[PDB]
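# Remarks on the overall topology
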2 protein chains.
Amino acid sequence: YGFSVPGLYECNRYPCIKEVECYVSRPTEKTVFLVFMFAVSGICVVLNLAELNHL
Amino acid sequence: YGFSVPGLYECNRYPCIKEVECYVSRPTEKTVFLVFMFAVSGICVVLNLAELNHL
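Residues numbered from 1 in each chain as written, not as in the entry; some residues may be left out. Chains lettered and ligands numbered in written order. Part of a larger assembly, values for the part shown. Heavy atoms only, no water.

As annotated in the PDB entry, chain A carries the name Gap junction delta-2 protein and comes from Homo sapiens. Per the PDB record, the entry is named "human connexin-36 gap junction channel in complex with quinine".

Written out as structure tokens, the structure reads:
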């Protein structure tokens, strides 16, 4: 997924003719959710590594 | 105009986004009309040249 959800998409899949432009819903909220989940998962990873090192 | 009227056109003029496809009305009749007018004009040109040469 990367780190952001763009508001525009360029699509060239059949049956679309040549290349078309499509528009996404709530890109900003989805970006915020993505970043927050990444941060929480990183914290979990750090704590798990600390535990493993302690063992 | 050339010698034919194609049935499809590819257009990339503002405000159209990128390139779009457009469809023409009665391409075959217009092609026939174009060729017929060209032939008649050519006959007229030949006759006029013959007259001028005679003078």
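## Brief notes about the interface of chain B and chain A
The interface is formed by five residues belonging to chain B together with six residues belonging to chain A. Buried area between chain B and chain A, summed over both chains or domains, comes out near 450 Å², and the portion from carbon and sulfur atoms is 54%. Of all residues in chain B, B:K18, B:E19 and B:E21 give up the largest surface area on contact with chain A, accounting jointly for 78% of the area buried on that side. Note that A:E19 and B:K18 form a salt bridge whose closest N and O atoms lie 3.8 Å from each other. On inspection of chain B and its partner chain A, the count reaches one residue pair in polar contact. Looking at the side of chain B that touches chain A residue by residue, the class counts come to one nonpolar, no polar and four charged. (Contact = heavy atoms within 4.5 Å. Buried area = accessible area lost by both parts, 1.4 Å probe. Salt bridge = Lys/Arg side-chain N within 4 Å of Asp/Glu carboxyl O. Polar contact = N/O pair within 3.5 Å; in protein donor to acceptor, adjacent residues only side chain to side chain. Nonpolar A, V, L, I, M, F, W, Y, C, P; charged D, E, K, R; others polar.)

## Things to note about the relation of the copies chain B and chain A
Of the transformation superimposing chain B on chain A, the axial component is 0.0 Å and the angular component is 180°, with the fit at an RMSD of 0.0 Å. On this basis, the relationship between the two copies can be described by a two-fold rotation axis. Minimal C-alpha separation from the rotation axis in chain B is found for B:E19, amounting to 3.8 Å. A shared interface surface links the copies, since 100% of the contact residues of chain B are contact residues in chain A too. (Least-squares fit on C-alpha atoms.)

## Some thoughts on the packing of aromatic side chains
All names here are of chain B. For the coordinates displayed, the defined rule picks out four aromatic pairs over all chains. Summarising the aromatic geometry, the rings of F3 and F38 are spaced 5.2 Å apart at their centres and angled 65° between planes, so their arrangement reads as edge-to-face. Residue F3 is found in the segment before β1 (8-11), and its partner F38 is found in helix α1 (residues 27-54); the two are separated by 35 residues along the sequence. Ring geometry for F33 against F36: centres 6.4 Å apart, planes inclined by 65°, an arrangement best described as edge-to-face. A residue pair is termed a helical-turn pair when its members lie 3 or 4 positions apart in one helix, as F33 and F36 do in helix α1 at three residues. (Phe/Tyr/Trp six-rings, centres within 6.5 Å; stacked < 30°, edge-to-face > 60°. Helix = DSSP H or I, 4+ residues; strand = E, 2+ residues; numbered from the N terminus.)

## A closer look at unusual backbone geometry
Of note, the bond from A:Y14 into A:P15 is cis; its omega dihedral lies within 30 degrees of zero at 5°. With respect to the helices and strands, the residue A:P15 is situated in the loop between β1 (8-11) and β2 (20-23). With a phi angle near 55°, B:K18 is a residue other than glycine that sits in the positive phi range. Checked against the element boundaries, B:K18 lands in the loop between β1 and β2 (20-23).

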